[PDB]
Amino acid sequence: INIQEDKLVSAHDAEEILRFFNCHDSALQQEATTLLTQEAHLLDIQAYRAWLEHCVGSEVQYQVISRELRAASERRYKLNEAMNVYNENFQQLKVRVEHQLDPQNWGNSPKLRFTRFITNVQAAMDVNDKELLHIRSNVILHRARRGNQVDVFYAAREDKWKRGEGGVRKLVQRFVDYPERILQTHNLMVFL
């Protein structure tokens, strides 16, 4: 993509497109789909410890940002463009998991209901680290609780996955640029 011509495209987005339009491997797309479907299943049934153990690498960065709305023509204002809704290492994810599992987390009674829809899976091996797998996918996440509370989240996920203990591919980076600036879901207390 020529971003001087395609005026609405960011350099980052153009870079990410390039990585998937190259070596298409059908088998890798399928592996990626299985990996993400199993991850989503563990999360949906709230098996958060199993998710950590089976899906999340010790060196993980798990990051969801919220970008301040700026003018398309803006070129002078150069202060922090985004904040981190999440920016977690493994221990920080573990804290969040223990918070979910704590029997005095009053908000988790009655039990929440999660349903995740994972689509648009793309996969490509890194060029310089043949053990690093880039996976892109989109998620719709439905959270229902307390009779009539319903919150639906929508996001694109830029992941890196790498083989870890026992040869199991695990998440080493997830990056989400959350598309809604003001959340209308009470909070973002879900693992995208």
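Numbers for residues come from their place in the sequence shown, where the first is 1.
- Higher mean CA temperature factor, per the PDB entry, when comparing 24 to 32 with 131 to 139: 24 to 32.
- The deposited model assigns a higher average Cα B-factor to 67 to 75 than to the other stretch when 104 to 112 and 67 to 75 are compared.
- Annotation for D159, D151, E39, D126: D126 ranks highest, by Cα B-factor.
- Of all the options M189, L192, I1, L8, the entry's greatest CA B-factor is assigned to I1.
- When the modelled residues of the chain are ordered by their C-alpha B factor, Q46 lands in the lowest third.
- When the CA B factors of the chain's modelled residues are split into thirds, the value for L171 lands in the middle one.
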